[PDB]
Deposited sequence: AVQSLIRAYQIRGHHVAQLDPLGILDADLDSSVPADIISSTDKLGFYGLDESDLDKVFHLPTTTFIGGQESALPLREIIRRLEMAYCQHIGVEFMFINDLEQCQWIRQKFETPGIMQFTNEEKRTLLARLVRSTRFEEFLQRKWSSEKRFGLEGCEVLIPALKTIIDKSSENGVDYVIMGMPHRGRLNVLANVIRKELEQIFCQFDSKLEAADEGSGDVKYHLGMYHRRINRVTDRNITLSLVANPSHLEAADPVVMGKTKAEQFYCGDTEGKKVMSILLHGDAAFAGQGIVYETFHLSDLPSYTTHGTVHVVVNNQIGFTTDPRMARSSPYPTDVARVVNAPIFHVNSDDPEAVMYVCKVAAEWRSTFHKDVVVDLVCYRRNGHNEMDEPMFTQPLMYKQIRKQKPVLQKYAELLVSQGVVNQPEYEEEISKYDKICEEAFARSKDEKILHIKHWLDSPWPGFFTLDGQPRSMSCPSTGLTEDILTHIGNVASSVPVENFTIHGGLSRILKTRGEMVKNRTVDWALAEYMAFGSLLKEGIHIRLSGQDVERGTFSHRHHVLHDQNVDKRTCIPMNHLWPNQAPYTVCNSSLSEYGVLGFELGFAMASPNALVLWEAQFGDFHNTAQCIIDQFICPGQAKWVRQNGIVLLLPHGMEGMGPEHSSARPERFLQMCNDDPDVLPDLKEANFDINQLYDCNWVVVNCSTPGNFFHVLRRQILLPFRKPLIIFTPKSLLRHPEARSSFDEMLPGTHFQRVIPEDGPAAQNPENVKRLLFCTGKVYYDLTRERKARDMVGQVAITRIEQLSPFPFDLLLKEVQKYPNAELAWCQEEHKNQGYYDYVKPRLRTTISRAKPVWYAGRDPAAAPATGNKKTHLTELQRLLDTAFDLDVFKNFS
């Protein structure tokens, strides 16, 4: 009889809660009272009860904790205690959880008498924190009025909440905390929670204010990651950083690393990023064993109201798809906020699960500190202007109780004002060798072309693949997969950790690498032969990710930030789906060092090639990456510097390469780690050269004394007699092979020279100038399997014309411009390719003008 009523309250208590600070605007966007909650004695008929039952004593179930060292209670006691627990300033949304132990723990924490009481020292400390926050806010206001400082006015209880979280984490065992937070309230945290020299904060208020830099305090260590103004675009980055620190510190269960994130109410229910980030929480490869989310519900986004912003009651619904409990609290009552923070910290330290806490508050001023909010919401601010601040009412309550005397509070205010005034007055290298000796290469080749496990049986096709691998190894020949194994194993020997993530990377999207072997008979038997290469070596991890291209890339980037001695690779199924995560490339990878001055070295792998498989299963948009480079096309650098290659690579944002041969792909990954500094790397991997019969290289290019070749000159009869060569030809990728075959078909050998360019960013001016001067009489041309308005023409042409003294035109030999990456008609592809190949190996296509 009573069990149904208690369940009904545990379901619908948060809907009738006075979480509203102003008293006017509602929190759940509905003022109706559902019939489940007994708002009056007339509603007992819904459960079949009546006014005669309000005095009969009822026995509590095993899922109720209001008894407090008491078994049965009069129904009036149950109703009063249940209203106090669920329908006052705290509303708990947790019964969507199917686990029983977590539900019982939450009930015990939030449904027992005499557990929320504080001590006088805690009240004094809370008063001190509230005074610090409020006086800092008014000092910023009165010393800087005509500014846009995004104030935290009408919600100062945030700072004590964060301090309570950090203190509970410290006493629970945590020794490292990583925090992410939007702009609203940044300076308060930077001055009170992550304590910093106030003179430095005042100095940085006037200059460098726009940039949200990184703040570190080192005795729990606190780090505040830099975040951009894009909303909710830094959660996966924080999760990746937390995972990397957990892995490096040896914490398998993450008992000493913690993650805290702050969100606004409007963005937590309007961005699809939160969905993707929440789905990464439980995946075995992306699980940081717990994050604490704090969402500030000021009940407004700029000038947009809550009812025209979302299709859900609360802005906290995304967290319920993963069974993460949610706590909504009224910011007016500070003790409730403190207890909720303590409960959330205990929950994270116990169950290693995400938890979200919602701070219901209001906004005292406009969106900016000089905006006019009466234009759009008159009633809201008319009601706002008739309410006391939280500090004033808290101080009055404490004075009435007798905890603090008025002179002490006044002295505290005066001394903190003097501290602020005093602070304000005071305020104003060579390229390594990447080769390997033959025994290491032979050992890796033999281990990779077999199965280490004794009774491990594989498929027949896989057996044929391994036999072909062994035949290649014994003949001193390497293909794409073998080159990948050799590079990764060589790095693993030196102690460098390697992580490879993305979609379908364990088997390969084209089924070419087979890095993970599966047993046909046993259900979960799995063998990774690479861990068996050497007795002592760095770990190796390969992971399959979800379909989100946005959260996984951010996670990988955050992981790459922790340590330089690590090789993190992200693989996309096709080069056309990277645009789903453009924001991550736009704000985090592109200007990571220009603003924020921190180093990263993530490797991005993008398959790219035109083979008729579709208008959008073809091409990786390299012209989008090539335009985001801090290089001036009109200036030719000094080509006679001490090194140039390493100096040029030092002054750039990232590197862009398009590898066609396995040897260069082997050397690039080694050069990524062996260098002193780190920079992001973008690689355009082929799609049809994996099985190509002549896409192979010998071991002689993998031996000691060999460096990565940024530009591969032409080898053949053309080089033997260079004065007779016409039509000097440049290419980048598979287009080389398609040319060479035709050069054999048309008997153009000795009349056309074809050269590749592996590295596009930065531009190799020196090597290109050296090889262009090799052929005095040859018409420069650029080949391309993409359209004119796509690919590398608009990037390469200015740089090629800069390399020479604009002494020669750079012609084009490729497809015509189009509004799509490729064509959807199979018949026209062959005609286009035949026309593309017509101009090459058929001279006088451009000499016809004269």
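The deposited sequence has C-alpha coordinates everywhere except the stretches 219-236, 447-473.
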